[PDB]
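Engineer: Dropping a structure here in structure tokens format, bear with me for questions.
Because the Cβ atoms are built from the backbone with ideal geometry, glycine has one as well, and the counts that use them run over all protein chains shown. Each answer follows from the model by the rule given with it, or from the source it names; no laboratory read-out is quoted.
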Amino acid sequence: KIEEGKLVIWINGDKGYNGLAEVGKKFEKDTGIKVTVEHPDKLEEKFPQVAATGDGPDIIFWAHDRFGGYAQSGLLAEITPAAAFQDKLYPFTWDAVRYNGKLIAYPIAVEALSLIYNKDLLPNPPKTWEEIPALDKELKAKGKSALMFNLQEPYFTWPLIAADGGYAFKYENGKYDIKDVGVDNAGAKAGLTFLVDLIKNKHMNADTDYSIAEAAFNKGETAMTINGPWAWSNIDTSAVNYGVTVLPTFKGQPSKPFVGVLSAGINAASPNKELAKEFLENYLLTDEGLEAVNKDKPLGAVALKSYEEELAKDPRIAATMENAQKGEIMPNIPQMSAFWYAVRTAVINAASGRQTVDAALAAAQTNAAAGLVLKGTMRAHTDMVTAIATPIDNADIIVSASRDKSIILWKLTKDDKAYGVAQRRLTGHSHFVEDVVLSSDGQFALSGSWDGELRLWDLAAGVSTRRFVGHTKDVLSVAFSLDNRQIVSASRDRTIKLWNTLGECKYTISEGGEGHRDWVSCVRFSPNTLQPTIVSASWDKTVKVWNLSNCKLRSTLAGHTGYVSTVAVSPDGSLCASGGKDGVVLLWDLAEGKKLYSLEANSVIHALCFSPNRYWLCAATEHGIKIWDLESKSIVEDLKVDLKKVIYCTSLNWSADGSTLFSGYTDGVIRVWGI
Ligand SMILES: OC[C@H]1O[C@H](O[C@H]2[C@H](O)[C@@H](O)[C@@H](O)O[C@@H]2CO)[C@H](O)[C@@H](O)[C@@H]1O
């Protein structure tokens, strides 16, 4: 629920949540309000989840870099401190938490990684990364390692990658270009390669995580480690005689860590937005509040000036700020998480050996800039997935058709396991199922296969309820009339047939001069109820529009030099996209019945479909799923397949809400796309 009357706070496990808890107890004393401080695992990922449904904590803590994404998804209440309060914090700390001109959280402290060394094992720490391999050989002889730090999180490896040129998003004229990603340039490659070499020459292991490196350093086994201010406590209790100094340089350049600003945001759904502000502003952001947290685990250089005046006296803090100066404050734009996930994968694969540096970064480069990504994969078909149907009511299930001769009802789980599971496999056709469609109910499926027949399926009971025997050759397409009372099909027998629901052919648009002269590959109903019509693709290179009332030919659309294997109709029934052999997508004006323009794809098109919302046109091509913006006539996405044989999309269909693109491939795998 909401939890009106108390304050649920979330902060990371590596921070002084106990000290904060104290602050919470002090608030409760003066307020009479219970403060609960919890530190869930992966709280940064759960938050956007729970906050979306209206649940979650009242206050969430994390480095600023992740708040832009939360704000964007409306998960954060706008904060508005009095000018008096604002002056208490450094202006630059406020900028860290300012998104689209608004303050979305209270800044707490400036975090920056530093080189932490054991003064007893290494009086003079290396000034450069390059002298570390020799240093490790020297220490290894004495049963000690030179360096150990968390190689699992990109946060720790980024300072070295960025050192000689690597960057996340190009910054220019006071703005970030989210398409200009710098993770695979010469600089980033040089840094990651050096790192990987360290692992190859065994100066550090690819599996070293946070606890391993912290234990090793605190137990005096390794001379140096890399960490933030929050680690100084544990080392204190370990009695190690350490120092905190400038990170080593690489190729003469200083390591450039991404600087985080620990921040506290208030849940958009919280019913204690006021209690939250009173707490953060009058209890936490005070010389007392911070000191209570700082004693638990150091915060770093705090936003609050008054208290920073004391902290800046600590040399470890001065060292923190020197490394901070060599790097830069993290952007808070939504793309940051994509950048982090991208870089994390790259480092791990390059480190594990699964991929080469160039290989790993190249992919990271793509994932960091990627808009539409691979939300998941659904596997069950043992052969090519020929068609995909999505429920009109946007329910949590879809249906697929495959050359394995079956259709599958998928239950969209989304759970870590898979995006969906084969809830029921329906068999019955004696040859490849080429196309499938759902009823308005979303309760029945209508299929067409190369066995020349169509079948109605009762999805719930799992059985075929009707065979449509009429065509004399392979059936290549099927469609349901808007009111689901009429069924249409296309065949290699060059005809288009109309059927009722009882399996009787009510009408046949014969191969006559009016009809097609070759295979009819596709037939679709136009959503327009004013002029009942259907369009048809054909290997006779034409497209035909038909009056559903009298079944009379409206018009023949010529413009293709090869077979047209597919046709899609805009949701409004005004446009119509056609495609096939010649690689060009012709967009027509249904109403008038004339060409509007082309859209080169340079690849054979297999399927088409417009977006439910956006002015988008998607094309299943042998060279990826091309997506143009019907307004700019420009490509906005070109999705290829990466297993890390020629594999290509044969079918695709959007979820009713336009949020997910389902697509079948030749390898029998169904790939889910979306934000
Ligand atoms: O490395 C990916 C990860 O880096 C940062 O998380 C830091 C955090 O800022 C520090 O305060 C401390 O908790 O160490 C974390 C690394 O494990 C980013 O803030 C985070 O968004 C990103 O995923």
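Engineer: Only one of 294, 282 is surrounded by fewer than 23 Cβ atoms within 10 Å (Cβ to Cβ), in a helix (DSSP H, G or I) and within 15 Å of the ligand (Cβ to nearest atom); which?
Structural biologist: 294
Engineer: Still on this model: Can you list the strands (runs of 3 or more DSSP E) lying wholly within the stretch 363-478 that have 1 or more residues being in the same structural domain as residue 564 (by CATH) and more than 21 Å from residue 648 (Cβ to Cβ)?
Structural biologist: 397-402, 406-411, 421-427, 433-438, 444-449, 453-458, 463-469
Engineer: Show the residue pairs meeting these rules: Cβ distance below 7 Å; 6+ apart or different chains; first residue within the stretch 329-346 and assigned by CATH to the domain that holds residue 90 and over 18 Å from residue 99 (Cα atoms); second residue in a loop (DSSP other than H, G, I, E, B) and of a type in the set (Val, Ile, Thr).
Structural biologist: Close Cβ pairs (under 7 Å, with a partner that is in a loop (DSSP other than H, G, I, E, B) and of a type in the set (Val, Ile, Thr)) amount to 342/183; 343/183.
Residues are listed down the side, and each one gets a yes or a no for (1) surrounded by 15 or more Cβ atoms within 10 Å (Cβ to Cβ); (2) farther than 27 Å from residue 584 by Cβ:
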residue	(1), (2)
479	yes, no
489	yes, no
494	yes, no
498	yes, yes
501	yes, yes
506	no, yes
511	yes, no
526	yes, no
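Engineer: Inspect all residues belonging to the stretch 247-270 and state whether any of them is assigned to a helix (DSSP H, G or I), over 26 Å from residue 57 (Cα atoms) and either more than 16 Å from the ligand (Cβ to nearest atom) or not hydroxyl-bearing (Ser, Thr, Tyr) (or both).
Structural biologist: No, every residue in the stretch 247-270 fails to be assigned to a helix (DSSP H, G or I), over 26 Å from residue 57 (Cα atoms) and either more than 16 Å from the ligand (Cβ to nearest atom) or not hydroxyl-bearing (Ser, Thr, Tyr) (or both).
Engineer: Continuing with the same structure: Scan the stretch 625-645 for residues that are part of a strand (DSSP E or B) and either among the hydroxyl-bearing types (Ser, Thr, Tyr) or surrounded by 19 or more Cβ atoms within 10 Å (Cβ to Cβ) (or both) and jot them down.
Structural biologist: 625, 626, 627, 628, 634, 639
Residue-wise test of (1) of a type outside the set (D, E, K, R); (2) farther than 30 Å from residue 293 by Cβ; (3) more than 16 Å from the ligand (Cβ to nearest atom); (4) not assigned by CATH to the domain that holds residue 298.
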residue: 109; (1), (2), (3), (4): yes, no, no, no
residue: 127; (1), (2), (3), (4): no, yes, yes, no
residue: 134; (1), (2), (3), (4): yes, yes, yes, no
residue: 143; (1), (2), (3), (4): yes, yes, yes, no
residue: 151; (1), (2), (3), (4): yes, no, no, no
residue: 167; (1), (2), (3), (4): yes, yes, no, no
residue: 171; (1), (2), (3), (4): yes, yes, yes, no
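Engineer: Could you list all residues from the stretch 646-664 that are crowded, with 19+ Cβ neighbours inside 10 Å, more than 19 Å from the chain's Cα centre (by Cα) and of a type in the set (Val, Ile, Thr)?
Structural biologist: Of everything in the stretch 646-664, just one residue is crowded, with 19+ Cβ neighbours inside 10 Å, more than 19 Å from the chain's Cα centre (by Cα) and of a type in the set (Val, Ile, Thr), namely 650.
Engineer: Being small (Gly, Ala, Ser), out of contact with any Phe, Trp or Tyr (no Cβ under 8 Å at 6 or more places or on another chain) and surrounded by 15 or more Cβ atoms within 10 Å (Cβ to Cβ) is the filter here, so list the residues in the stretch 432-472 that pass it.
Structural biologist: 442, 448, 452
Engineer: Given (1) more than 16 Å from the ligand (Cβ to nearest atom); (2) over 16 Å from residue 269 (Cβ atoms), identify the lone condition not met by residue 41.
Structural biologist: Every listed condition holds for residue 41 apart from (1).
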